[PDB]
Every structure is written in C-alpha cells, then in structure tokens.
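Engineer: Structure incoming, see below.
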Amino acid sequence: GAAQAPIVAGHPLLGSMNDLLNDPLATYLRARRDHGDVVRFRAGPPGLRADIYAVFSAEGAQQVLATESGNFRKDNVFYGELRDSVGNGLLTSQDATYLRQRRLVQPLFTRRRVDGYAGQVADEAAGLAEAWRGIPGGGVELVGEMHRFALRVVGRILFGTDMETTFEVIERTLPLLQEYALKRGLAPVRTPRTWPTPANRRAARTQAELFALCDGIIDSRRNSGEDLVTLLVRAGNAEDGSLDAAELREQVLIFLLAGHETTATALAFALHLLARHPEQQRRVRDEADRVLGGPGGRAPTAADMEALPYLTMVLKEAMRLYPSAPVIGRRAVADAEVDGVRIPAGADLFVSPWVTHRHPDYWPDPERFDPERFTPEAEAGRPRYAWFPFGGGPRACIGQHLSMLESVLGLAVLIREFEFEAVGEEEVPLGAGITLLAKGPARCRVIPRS
Ligand code: HEM
C-alpha cells in the first residue's frame, strides 16, 4: 500500500520553479517541515518537466544510496552534460565502464597512499600561513582564500611542484565548463553544443585549452612521493589493461572538479564557525598546541589525525551545517517505495545532506554549532545516514580520507599560527549549484600568534 508523494506548495501555475531559483536551500527545508520526508517538486508550466522527488529521511537516503542503489541511477540530464563537458570519469560512469575505472583507480586512494600526501598538505598550509603573516590589513575573505588553497593542495597532490603555471589556467578554465554543464542540465531547452552560439563557442575554446594542458601534463608523466597523475598513468591490471589518454584526462578533470570546491567550502566554513565561536577555537588551538608544539611548531603528519579529534569533530559539524554537496541526484529505474511513499519508474529524485543534517528527528536544535555532536557516543545515538556529506554506499566519495587529511592537517597549521575573529556580517547567504554556493563574503581577521 504505497502512499502518493505530497506536492510541495508553490506558485499556482509555475509550481516550485521560482522558489528553487531564488532560495533552493530554504525551499528544501520548508518541504520537509510542511510536507514530510518524501515529497515531490512540481515545475511549471504543466508539461515542461516531470515531478522531481525528494527523500529527506536517513533511512530513505540509505535506501536510495545503498540498500536499493541499483534502482537509483545517475541518469539525470546534469550527469550527461558533465560527461559531455569533462568526460565519463569515476563520478559519472556506470555499469561495466565504472567497474573497470574503480578497479584501476581504487589502488590510488588507499589510506596508505593518501597518508603519503600529508607533507604536501602541511607545506601548502605553511605557505598560506607565511602569506597571511604579511597581510597589512590583517584580514581575509575565507571563501576566496580557501578556493585558491584547495586547488593548490589537490593540484600539488595531482601534479607535484612548480605547477602555479597550470593552477591559473585550471583556475579560470574548469569553473566555466562546470557552469556550462550545470546550467544546461537544469535548463528547459538545450541547443546542441556543436551549434555556433557565442556561449557554445566559448565553452569549446575553454575545453581545448584545459584538455591540451591536461594532455601535456599526462604525457610528461609517461616518461613514494609520486603525484596522482603519475600513478593514474601507471595504473594497470590483467583484465582491464591500462587507462587510455582520454580516460587519463577524464579522471584528472573529475578529481579536480570533485575535490576543489567541495574541500574549499568545508575549510572556509570551519574557519568561519571557529572565527565566530571563540571557546571552540581555543579548544582546537590547545589541541593543536599540545600535538604540534605551539606557534612555530612541527608540521602535522597523517598519524596526528588520531591525536586531533576535536578538530575532526569541528570539521564534521561544519560539513553538517554546510554540506559541500547539499543535494545528491538519482533517477529511479523501476517503481520504488521509500518511507511508505511511491517513487515512480523514471522519476528524477534527490537525497539532501542539507535537509537530513538539520532534521529535528536526529539533530536536537539543528542550527546550533556543537562539535560535541560528533563524539563516538553521540554518533551511536543517531541513525547512520543522519550525516552523509560524502554520500554513502557503493558510490560514496573515494577522496573522503584525502579531504579529511587536507582539512585536519591544513586547519591544524593555521590554528597553530593564527587566531581568527569574524568581521562584519557573520551570516553568509547560501545557494546551491553543483556544490553549496556562497552568496556572501565570509570576512575574518587573521592574528599571527608568533
Ligand atoms: C580530496 C577531495 C576530493 C576528491 C579528489 C573527491 C573525489 C570524488 C570522486 C572521484 C567521487 C566519485 C566516487 C565514485 O563514484 O566511485 C566522489 C564522490 C563524492 N564526493 Fe568526493 N572528493 C573529494 C572531496 C569531497 C568532499 C569534501 C565532499 C564533501 C561534500 C565530497 C562529496 C562527494 C559526494 C557526495 C560524492 C557522491 C556523489 C554521488 O553519490 O552521486 N567530496 N568524490
């Protein structure tokens, strides 16, 4: 006896089109508050787009992402636009194509291989510290600062040293190809990319430049402290052979796309919360000072992650309030039942870390910043999928441990060398694209500790 999904209140004629455009994050929370855990969003005018379903329960998220993963596919139009824009890499691939890619890439994402990149993160963070030590204003805009820093960390991990050259090209090329794909995947009309419109021409020129850069970097590595491009080029097994040149580029691009804004968002918001919460900052500082030796102390290592649990708890709470992926899209193959509600075959649907992380059934006083929610005991008192920023199940984030290594060890250096104080508006307005979008500045004063 499957129930029908309630339609989220919206415009009499346009449905949720205006609400999802103006304030999608507030629309998602209202949908749960007024209509429940399985809802349907209507578009207008009638006949433009099929109803998009939404699952906000932890148990429904476990079903969509893990228990019944086979019924929920990456067949949404957005995924097709990303594949056309950056190639059919590990994030967008499905079936046999994905299985061969997973067989060849998983070896590069082992805890030991990832832990080997700890010194690169520590060096990049010490570099940011020296630059911040010479800021005459003593102030930073964290969204902008962490956007640069995160690309530098993932790019050092990918391409090694002296790649500020490649950084500036990627910095200006990749975001445009992502916007092109996001805007087309969410659009109600799609003129072919071959069509010679000014926008489609600009995107193909952007693609050419980035593709050629990637191919040159990859071809230089065709000729341990090895970079990830070197290990992707040397990936091979008996059944799958090795990755081709197009396959190599698709993975480099997907790693850059999946690790640049995601880690930036987490770093900026963790630092912003610590800037607005002095007691929690003092706790992270006393922990950093005890493990690394204080201002002017030693570089953090991968093993220091076990000795930095409050910082880990601050990060998880930042990713609860500010999930870098606020929604995860899927498409139903066959009729399904989630929380007693029917999700039809062919239906585009989405789980939302943004809503489930603020759900009153799992989160007391959900908008309060409290790292103590992530003690092992508190985690046991709540369902597993109440917190899922890296997703879950077979398609969970492969760089989850890398992101935590870069965040914990990164923030450890910055808190060991600087005190943070929020300046100006502390409420950063938020939107949603591929990732959580900052629609406001996160200003902060950096005070050198030595
Ligand atoms: C070092 C940084 C990162 C890298 C290189 C990276 C890479 C990737 C890759 C390759 C995938 C596809 C995994 C697969 O299908 O087998 C993925 C999935 C995912 N990543 Fe990450 N990631 C990083 C950081 C983050 C962070 C900080 C978040 C925080 C929100 C995040 C959230 C996700 C989510 C939700 C998925 C699942 C998407 C889905 O199921 O459709 N990633 N990541």
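Ligands are numbered from 1 in the order shown, residues from 1 within each chain, and chains are lettered A, B, ... in the order they appear in the structure tokens.
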So that each row is one residue of chain A with an atom at most 6 Å from ligand 1, can you give its shortest atom pair and the distance in Å to one decimal, using only C-alpha atoms and all ligand atoms, rows by chain and rising number, as a tab-separated table?

Structural biologist:
residue	atom	partner	partner_atom_place_in_ligand_line	distance
A:90	CA	ligand 1	15 (O)	5.2
A:91	CA	ligand 1	12 (C)	3.8
A:255	CA	ligand 1	5 (C)	4.4
A:258	CA	ligand 1	6 (C)	4.5
A:259	CA	ligand 1	3 (C)	3.4
A:262	CA	ligand 1	27 (C)	4.4
A:263	CA	ligand 1	27 (C)	4.2
A:323	CA	ligand 1	30 (C)	5.5
A:324	CA	ligand 1	30 (C)	4.0
A:325	CA	ligand 1	30 (C)	4.6
A:328	CA	ligand 1	41 (O)	5.4
A:389	CA	ligand 1	30 (C)	4.6
A:390	CA	ligand 1	32 (C)	3.9
A:391	CA	ligand 1	35 (C)	4.0
A:395	CA	ligand 1	15 (O)	4.1
A:396	CA	ligand 1	37 (C)	4.9
A:397	CA	ligand 1	18 (C)	3.5
A:398	CA	ligand 1	13 (C)	4.9
A:399	CA	ligand 1	4 (C)	4.0
A:400	CA	ligand 1	24 (C)	5.6
A:402	CA	ligand 1	1 (C)	4.7
A:403	CA	ligand 1	1 (C)	4.1

Engineer: Quick one: residues within 8 Å of range 208-210 of chain A, only C-alpha atoms, excluding same-chain residues fewer than 6 positions away - as a PyMOL selection string?

Structural biologist: chain A and resi 169-170+173-174

Engineer: For a quick check of understanding, using only C-alpha atoms, which of A:242, A:26, A:51, A:423 has the smallest distance to residue 345 in chain A?

Structural biologist: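 Closest to residue 345 in chain A, using only C-alpha atoms: A:51.
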
Engineer: Can you list, as a PyMOL selection string, every protein, DNA or RNA residue that comes within 6 Å of range 217-230 of chain A when you count only C-alpha atoms, leaving out same-chain residues fewer than 2 positions away?

Structural biologist: chain A and resi 157-160+214-215+232-233

Engineer: May I have the selected residues written with C-alpha atoms, as a CSV table (one decimal), in the first residue's frame?

Structural biologist:
chain,number,residue,atom,x,y,z
A,157,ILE,CA,48.8,16.1,-4.9
A,158,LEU,CA,47.9,15.7,-8.7
A,159,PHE,CA,50.8,17.4,-10.5
A,160,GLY,CA,53.6,17.9,-8.0
A,214,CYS,CA,46.0,18.0,-19.1
A,215,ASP,CA,47.3,16.0,-22.1
A,232,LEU,CA,47.0,7.0,-12.9
A,233,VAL,CA,49.3,6.7,-15.9

Engineer: Here is a test: counting only C-alpha atoms, which residue of A:117, A:377, A:41, A:83 is nearest to residue 18 in chain A?

Structural biologist: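 Between A:117, A:377, A:41, A:83, the residue approaching residue 18 in chain A most closely is A:41.
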
Engineer: Considering only C-alpha atoms, state which residue in the set A:446, A:17, A:351, A:248 is at the smallest distance from residue 46 in chain A.

Structural biologist: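 Answer, going by the shortest atom-to-atom distance: A:17.
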
Engineer: May I have all residues of range 5-168 of chain A that DSSP, computed from the backbone, assigns to strand (DSSP E or B), given as a ChimeraX atom specification?

Structural biologist: /A:7,11,15,38-41,43,52-55,72-73,139-141

Engineer: Once you have the residues from the selection above, write them out as an mmCIF file, in the first residue's frame, restricted to C-alpha atoms.

Structural biologist:
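Wrote it out as out.cif, contents follow:
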data_model
loop_
_atom_site.group_PDB
_atom_site.id
_atom_site.type_symbol
_atom_site.label_atom_id
_atom_site.label_comp_id
_atom_site.auth_asym_id
_atom_site.auth_seq_id
_atom_site.Cartn_x
_atom_site.Cartn_y
_atom_site.Cartn_z
ATOM 1 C CA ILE A 7 3.280 18.174 -3.786
ATOM 2 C CA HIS A 11 3.045 29.063 -7.479
ATOM 3 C CA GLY A 15 4.948 25.341 -9.103
ATOM 4 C CA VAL A 38 9.223 12.034 0.781
ATOM 5 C CA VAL A 39 7.955 14.986 -1.270
ATOM 6 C CA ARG A 40 7.543 15.964 -4.921
ATOM 7 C CA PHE A 41 8.510 19.295 -6.521
ATOM 8 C CA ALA A 43 7.596 22.595 -12.282
ATOM 9 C CA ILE A 52 11.316 15.767 -9.090
ATOM 10 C CA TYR A 53 11.054 13.607 -5.961
ATOM 11 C CA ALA A 54 12.976 14.294 -2.751
ATOM 12 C CA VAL A 55 13.982 11.946 0.112
ATOM 13 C CA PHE A 72 18.649 4.698 -8.357
ATOM 14 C CA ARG A 73 20.980 5.611 -11.252
ATOM 15 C CA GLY A 139 42.040 40.309 7.170
ATOM 16 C CA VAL A 140 40.850 37.679 4.672
ATOM 17 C CA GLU A 141 37.731 36.681 2.715
#

Engineer: Out of A:61, A:299, A:315, A:442, which residue has the shortest atom-to-atom distance to residue 388 in chain A when counting only C-alpha atoms?

Structural biologist: A:61

Engineer: By how many Å are CA of residue 383 in chain A and CA of residue 309 in chain A apart?

Structural biologist: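 It comes out at 21.0 Å.
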
Engineer: Select, from A:122, A:274, A:3, A:302, the residue with the minimum atom-to-atom distance to residue 420 in chain A, counting only C-alpha atoms.

Structural biologist: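 For residue 420 in chain A, the nearest of the given residues is A:274.
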
Engineer: If you run DSSP on the backbone, which residues of range 32-260 of chain A are helix (DSSP H, G or I), as an MDAnalysis selection string?

Structural biologist: chainID A and resid 32:35 58:67 69:71 77:86 95:109 111:115 118:133 142:159 164:185 198:221 228:233 245:260

Engineer: Let me make sure I understand: among A:163, A:235, A:253, A:176, which one has the smallest atom-to-atom distance to residue 104 in chain A if we use only C-alpha atoms?

Structural biologist: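 Of the candidates, the smallest distance to residue 104 in chain A is held by A:235.
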
Engineer: Neighbours of residue 285 in chain A within 7 Å (only C-alpha atoms; same-chain residues fewer than 4 positions away dropped), as a list in words?

Structural biologist: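 Listed by chain and then number, they are residues 281, 289, 415 and 416 of chain A.
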
Engineer: Quick one: pull the distance between CA of residue 314 in chain A and CA of residue 284 in chain A, Å, one decimal.

Structural biologist: 8.2 Å

Engineer: Considering only C-alpha atoms, return as a short mmCIF file (atom, residue, chain, number, x, y, z; two decimals) with N, CA, C and O atoms, in the first residue's frame whatever protein or nucleic-acid residues lie within 12 Å of residue 332 in chain A, sequence-local ones (same chain, fewer than 6 positions apart) excluded.

Structural biologist:
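The resulting file, selection.cif, is reproduced below:
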data_model
loop_
_atom_site.label_atom_id
_atom_site.label_comp_id
_atom_site.auth_asym_id
_atom_site.auth_seq_id
_atom_site.Cartn_x
_atom_site.Cartn_y
_atom_site.Cartn_z
N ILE A 52 10.04 16.24 -9.70
CA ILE A 52 11.32 15.77 -9.09
C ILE A 52 10.99 15.34 -7.67
O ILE A 52 10.39 16.13 -6.94
N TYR A 53 11.37 14.13 -7.31
CA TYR A 53 11.05 13.61 -5.96
C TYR A 53 12.21 13.94 -5.02
O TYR A 53 13.29 14.26 -5.49
N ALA A 54 11.93 13.94 -3.73
CA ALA A 54 12.98 14.29 -2.75
C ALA A 54 12.85 13.44 -1.49
O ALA A 54 11.75 13.36 -0.95
N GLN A 63 18.40 3.85 1.62
CA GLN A 63 17.77 3.02 0.56
C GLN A 63 18.17 3.53 -0.82
O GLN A 63 18.54 2.71 -1.65
N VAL A 64 18.14 4.84 -1.03
CA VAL A 64 18.42 5.40 -2.39
C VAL A 64 19.89 5.20 -2.69
O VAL A 64 20.22 4.69 -3.77
N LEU A 65 20.74 5.51 -1.73
CA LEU A 65 22.18 5.43 -1.99
C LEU A 65 22.72 4.01 -1.77
O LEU A 65 23.45 3.57 -2.56
N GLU A 68 19.05 -0.08 -1.98
CA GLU A 68 18.46 -0.31 -3.32
C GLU A 68 19.18 0.57 -4.35
O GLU A 68 18.52 1.04 -5.27
N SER A 69 20.50 0.73 -4.21
CA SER A 69 21.33 1.55 -5.12
C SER A 69 21.10 1.24 -6.60
O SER A 69 21.11 2.18 -7.38
N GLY A 70 20.92 -0.03 -6.95
CA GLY A 70 20.71 -0.44 -8.35
C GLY A 70 19.49 0.18 -9.00
O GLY A 70 19.49 0.32 -10.22
N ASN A 71 18.49 0.55 -8.21
CA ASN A 71 17.25 1.15 -8.75
C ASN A 71 17.43 2.66 -8.92
O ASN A 71 16.65 3.26 -9.63
N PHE A 72 18.46 3.23 -8.30
CA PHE A 72 18.65 4.70 -8.36
C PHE A 72 19.96 5.04 -9.07
O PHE A 72 21.05 4.93 -8.50
N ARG A 73 19.83 5.48 -10.31
CA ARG A 73 20.98 5.61 -11.25
C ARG A 73 21.35 7.08 -11.48
O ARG A 73 20.52 7.98 -11.19
N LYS A 74 22.53 7.30 -12.05
CA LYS A 74 23.00 8.66 -12.40
C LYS A 74 22.58 8.93 -13.84
O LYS A 74 23.45 9.20 -14.67
N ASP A 75 21.28 8.87 -14.10
CA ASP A 75 20.75 9.03 -15.48
C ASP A 75 20.10 10.41 -15.63
O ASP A 75 19.48 10.64 -16.67
N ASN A 76 20.26 11.28 -14.65
CA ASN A 76 19.75 12.67 -14.76
C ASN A 76 20.48 13.39 -15.90
O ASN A 76 21.62 13.01 -16.20
N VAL A 338 9.68 4.41 -0.67
CA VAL A 338 10.60 4.99 0.34
C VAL A 338 9.74 5.62 1.43
O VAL A 338 8.88 6.41 1.09
N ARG A 342 5.50 6.16 -2.75
CA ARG A 342 5.88 5.62 -4.07
C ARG A 342 6.77 6.57 -4.84
O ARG A 342 6.44 7.76 -4.92
N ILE A 343 7.88 6.06 -5.36
CA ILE A 343 8.72 6.87 -6.28
C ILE A 343 8.59 6.16 -7.62
O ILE A 343 9.01 5.01 -7.72
N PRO A 344 7.94 6.77 -8.61
CA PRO A 344 7.71 6.12 -9.88
C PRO A 344 8.93 5.78 -10.73
O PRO A 344 9.96 6.36 -10.55
N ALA A 345 8.77 4.83 -11.63
CA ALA A 345 9.85 4.49 -12.57
C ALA A 345 10.17 5.71 -13.43
O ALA A 345 9.23 6.35 -13.90
N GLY A 346 11.45 6.00 -13.63
CA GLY A 346 11.88 7.11 -14.49
C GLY A 346 11.92 8.42 -13.76
O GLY A 346 12.27 9.43 -14.37
N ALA A 347 11.58 8.40 -12.48
CA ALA A 347 11.49 9.67 -11.75
C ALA A 347 12.86 10.20 -11.37
O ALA A 347 13.67 9.43 -10.88
N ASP A 348 13.08 11.48 -11.62
CA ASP A 348 14.31 12.12 -11.13
C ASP A 348 14.04 12.36 -9.65
O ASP A 348 12.93 12.75 -9.31
N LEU A 349 15.02 12.06 -8.82
CA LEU A 349 14.84 12.23 -7.37
C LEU A 349 16.15 12.71 -6.77
O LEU A 349 17.17 12.71 -7.46
N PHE A 350 16.07 13.14 -5.51
CA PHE A 350 17.30 13.57 -4.84
C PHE A 350 17.27 13.37 -3.34
O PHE A 350 16.23 13.57 -2.72
#

Engineer: Take CA of residue 425 in chain A and CA of residue 318 in chain A and report the distance between them in Å, one decimal.

Structural biologist: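 Between CA of residue 425 in chain A and CA of residue 318 in chain A the gap works out to 18.2 Å.
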
Engineer: Would you list the contacts of residue 164 in chain A as a CSV table (one decimal) with N, CA, C and O atoms, in the first residue's frame, taking every protein, DNA or RNA residue within 9 Å and counting only C-alpha atoms, but skipping same-chain residues closer than 4 positions in sequence?

Structural biologist:
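The new file around_16.csv reads:
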chain,number,residue,atom,x,y,z
A,152,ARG,N,45.3,24.5,-4.9
A,152,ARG,CA,46.8,24.3,-4.7
A,152,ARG,C,47.1,23.0,-4.1
A,152,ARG,O,48.1,22.4,-4.4
A,155,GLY,N,46.1,20.1,-6.5
A,155,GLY,CA,47.0,20.2,-7.7
A,155,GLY,C,48.4,19.8,-7.3
A,155,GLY,O,49.1,19.3,-8.2
A,168,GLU,N,46.7,28.6,-12.6
A,168,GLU,CA,46.0,29.7,-13.1
A,168,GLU,C,45.1,29.4,-14.3
A,168,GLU,O,44.0,29.9,-14.4
A,169,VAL,N,45.6,28.5,-15.2
A,169,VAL,CA,44.8,28.0,-16.3
A,169,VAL,C,43.6,27.2,-15.8
A,169,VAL,O,42.5,27.6,-16.1

Engineer: Give me the residues within 12 Å of residue 306 in chain A as a ChimeraX atom specification, counting only C-alpha atoms and dropping any in the same chain fewer than 3 places off.

Structural biologist: /A:287,291,300-303,309-313,404-405,408-409
